[PDB]
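Below, in structure tokens: the form solved without this ligand, a single chain.
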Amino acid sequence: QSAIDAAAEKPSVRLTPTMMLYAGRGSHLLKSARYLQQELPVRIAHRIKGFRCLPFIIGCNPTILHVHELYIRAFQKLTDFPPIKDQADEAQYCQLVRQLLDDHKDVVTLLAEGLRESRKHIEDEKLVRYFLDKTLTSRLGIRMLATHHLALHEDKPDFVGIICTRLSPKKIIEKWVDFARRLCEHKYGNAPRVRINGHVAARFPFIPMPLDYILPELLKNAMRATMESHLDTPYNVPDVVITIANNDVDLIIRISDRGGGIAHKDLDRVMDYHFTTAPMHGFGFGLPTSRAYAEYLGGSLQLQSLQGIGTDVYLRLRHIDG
């Protein structure tokens, strides 16, 4: 479509987490919605550009074509909406944003299926990794903007949209610990206990949304490895130790397990999409998605394998405030 061509070239306008805390007023609701209305089609068109740039044989896969078609229909639905002038115009847009978040819920699952089906034709090894990294980060960016504006309507305590003003890293870790242990216990009959140390009382403004994905994935990985390495003593398994290091530059969460580590042969494949050695696991998405997430947010995800003993996983996320 010619309308998509125009918005693909248009540069992306990023709203810094520090700037995002401008929710005062309800004139602040209109100001935010007017931004969301202009910024959402640009992000969609940038991704349509990525589908258009895929090699022909891959872009032709019926599942890839379907996802491409979903992105085009999404851009159509969003741009057709008239500009926001009053609180009635702001209200109807929120319903399009909520529909966008539901119509595109399974885009990554269809994209992985389509890309996997096209294995025979994929020559560039990096092609799939870069396409999924770019898709996953754009979606996080869109979901961040969309959830933030939708959350501005609610009067959620300790939050300004999706920014928590008083986030405790200990609390968010604790939240996922019991959730991962319940999944682990289901498959292995037991789960390792988790110990949290370091800056346990650190409290700071932060966006928990990315941590809500990364932490359960990293805890599921650490727990599965601990269980698969202690199969002969499933009830006597070593604890997973999480350390919080909060400094003025970044937040570091180190997840140290005694699960035998990542084998030297698998060490270069663990960060590849679909690579697994196994619903908890048997997907191969946990690590590459978590790294793409951490890096998109000015951080990093680093692995330190001690083969025969365990692994230390270092999640770093840059603090809010420049």
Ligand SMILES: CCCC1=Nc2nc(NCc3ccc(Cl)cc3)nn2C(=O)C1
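Note that the rigid core is defined as the largest set of C-alphas that superpose within 1.5 Å between two forms. When you see a residue number, it is the position in the sequence shown, counting from 1. Only residues modelled in both forms are compared.
As for the form deposited with this ligand bound, it is not shown, yet the points below apply to it.
**Student:** Given the pose of this ligand in the deposited complex, superimposed onto this structure around the site, is the binding site open or blocked (3 or more ligand atoms closer than 2.4 Å to backbone or C-beta atoms counts as blocked)?
**Tutor:** Here the site is blocked.
**Student:** Since the chain is shown here on its own, which stretch among 122-130, 215-223, 195-203, 165-173 would lie within 4.5 Å of this ligand in the deposited complex, judged by heavy atoms?
**Tutor:** Selected range: 215-223.
**Student:** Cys184: heavy atom within 4.5 Å of this ligand in the deposited complex?
**Tutor:** Because a heavy atom of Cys184 falls inside 4.5 Å of this ligand in the deposited complex, the answer is yes.
**Student:** Is it the case that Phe81, even though its partner is missing from this view, gets within 4.5 Å of this ligand in the deposited complex, heavy atoms only?
**Tutor:** Answer no; every heavy atom of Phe81 is more than 4.5 Å from this ligand in the deposited complex.
**Student:** Does superposing the core leave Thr18 with a CA shift of 2 Å or more between the shown form and the other one?
**Tutor:** After core superposition, the C-alpha of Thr18 moves 2 Å or more between the shown form and the other one.
**Student:** Would you mind telling me if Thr18 and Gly161 are closer or farther apart in the deposited complex than in the shown form, C-alpha to C-alpha, with a 3 Å or larger change?
**Tutor:** Farther is correct, given that in the deposited complex the C-alpha spacing of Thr18 to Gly161 is increased by at least 3 Å.
**Student:** Closer or farther: the C-alpha atoms of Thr18 and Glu174 in the deposited complex, versus the form shown, with a change of 3 angstroms or more?
**Tutor:** Farther apart in the deposited complex, by 3 Å or more.
**Student:** Using a 2 Å C-alpha criterion and requiring 3 or more consecutive residues, which regions move between the shown form and the other one after core superposition?
**Tutor:** In sequence order there is one run that relocates between the shown form and the other one, which is 13-25.
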